[PDB]
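Asker: Please find one structure pasted underneath; my questions will follow.
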Amino acid sequence: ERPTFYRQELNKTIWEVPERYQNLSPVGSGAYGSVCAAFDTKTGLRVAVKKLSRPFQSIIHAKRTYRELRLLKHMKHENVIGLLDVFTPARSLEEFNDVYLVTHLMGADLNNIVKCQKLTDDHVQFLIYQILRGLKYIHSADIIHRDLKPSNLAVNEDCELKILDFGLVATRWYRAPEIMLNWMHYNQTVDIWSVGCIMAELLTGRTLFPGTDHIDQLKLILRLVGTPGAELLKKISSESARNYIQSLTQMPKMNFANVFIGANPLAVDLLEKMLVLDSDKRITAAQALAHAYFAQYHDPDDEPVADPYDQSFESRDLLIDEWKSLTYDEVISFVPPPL
Ligand SMILES: Clc1cc(-c2ccncc2)c(-c2ccccc2)nn1
Ligand SMILES: Fc1ccc(-c2n[nH]cc2-c2ccncc2)cc1
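Below, the structure written as structure tokens:
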């Protein structure tokens, strides 16, 4: 029961998709792939279709293609991008060389919004609430996003929000300091730091920490939150990092009420809990959702967690054809969601 495909060329890329998807219109592109908005005749929905770029180019790409397909097949949550469909024009494993992913079309990203609008407190609460509700789910599957930033948050005209796990200004601006320090044992709360940076930006209209490089970025972080205290200092194994850090002029933690002057004091309070230098002390997603700032949205019986996610594949060292074959299997075993 294979559909009928049709071929077409858009912005240099060749697109071979089933007849059900019509009016392909390019939305954008990048290193990993390109996306077209389209209309899906079978559901009456507007959808986005992503064509992966060179999915089986190297062991790295093949693994990554596998990773993305596995993740997207597992994410089933209102605030996380998931899969309506996945297909390949290939008729067998031998000719398999392209992968297309389909999801609900989301017309904008949070970057398109914060930069072309000033948001009310109510919108900040709704957007951040949704980020946290999706991160709760993601984190419950032992996944760390690691790259939250405005361009990874798809938003529609209804203000509904979904976290994009894989995309296609600077990433470092939203990155937790432990990563600017290269710590190899950072946890899920790296994502909470990013959400804090995002919330700050929606509240003020300005990037909280617009570093020019990795050093400047850490310098701007410490200027707001202060240099590490003795308890945090004790956890740094790297003699170089310690030197670097103990060798800068000491700085105190600023008063967030004075820095975020005029913002709702509940939002300020939450920010303080999110932008803690010590990751062991940052608030978690589930904790943040119960914070009083979200009383008009928080509903503990409607903040689901995820089904277990098997990430053992991540520690495997396989051949391209193996990763390719595993991916083909995932394409074939796909079951779309309900009407
Ligand atoms: Cl940057 C980006 C955006 C999209 C997308 C999703 C929804 N609406 C518009 C754009 C996607 C994407 C991910 C999976 C399937 C299809 C597109 N992948 N990456
Ligand atoms: F300057 C800084 C900035 C951040 C950290 C930090 N926060 N959470 C964890 C760490 C950390 C950094 C490096 N090694 C261990 C732990 C430590 C020092």
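Quick note on numbering: the sequence shown equals residues 4 to 171, 183 to 353 in the authors' numbering.
C-beta atoms are modelled at their ideal positions from N, C-alpha and C, and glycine is treated no differently.
1. Under 8 Å: does the beta carbon of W197 sit that close to some heavy atom of ligand 2?
2. Taking the Cβ atom as the reference point for each residue, do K139 and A299 lie within a distance shorter than 9 Å?
3. Select from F274, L104, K45 and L164 the residue whose C-alpha is nearest the C-alpha of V83.
4. Assuming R136 is part of the alpha helix (DSSP H), what are its boundary residues?
5. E245 by DSSP, collapsed to three states: which one?
6. Go to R5, then tell me how far its beta strand (DSSP E) extends in each direction, as first and last residue.
7. If you draw a straight line from the C-alpha of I206 to the C-alpha of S261, how long is it?
8. Put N201 into one of helix, strand or coil per three-state DSSP.
9. Just to confirm before moving on: does the CB-CB distance between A281 and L217 stay below 9 Å?
10. Given this structure, state the Cα-to-Cα distance separating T106 from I250, to the nearest angstrom.
11. I'd like the list of long-range same chain contacts for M265, defined as Cβ closer than 8 Å, with 5 residues on each side in sequence excluded.
12. To the nearest angstrom, how far is it from the Cα of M288 to the Cα of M194?
13. For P279, collect the residues of the same chain with a Cβ closer than 8 Å to its Cβ; drop the 5 residues on either side in sequence, then sort them by chain order.
14. Quick one, which of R70, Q301, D292 and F90 has its alpha-carbon nearest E317's?
15. Can you tell me whether DSSP reads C162 as helix, strand or coil?
Answerer: Result, derived from the coordinates:
1. yes
2. yes
3. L164
4. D124 to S143
5. helix
6. From DSSP, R5 is part of no beta strand (DSSP E); its letter is neither H nor E.
7. 28 Å
8. The three-state reading of DSSP puts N201 in coil, since its state is none of H, G, I, E or B.
9. yes
10. 42 Å
11. In its chain, beyond the 5 residues on either side, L236, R237, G240 and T241 have a beta carbon closer than 8 Å to the beta carbon of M265.
12. 17 Å
13. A271
14. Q301
15. coil
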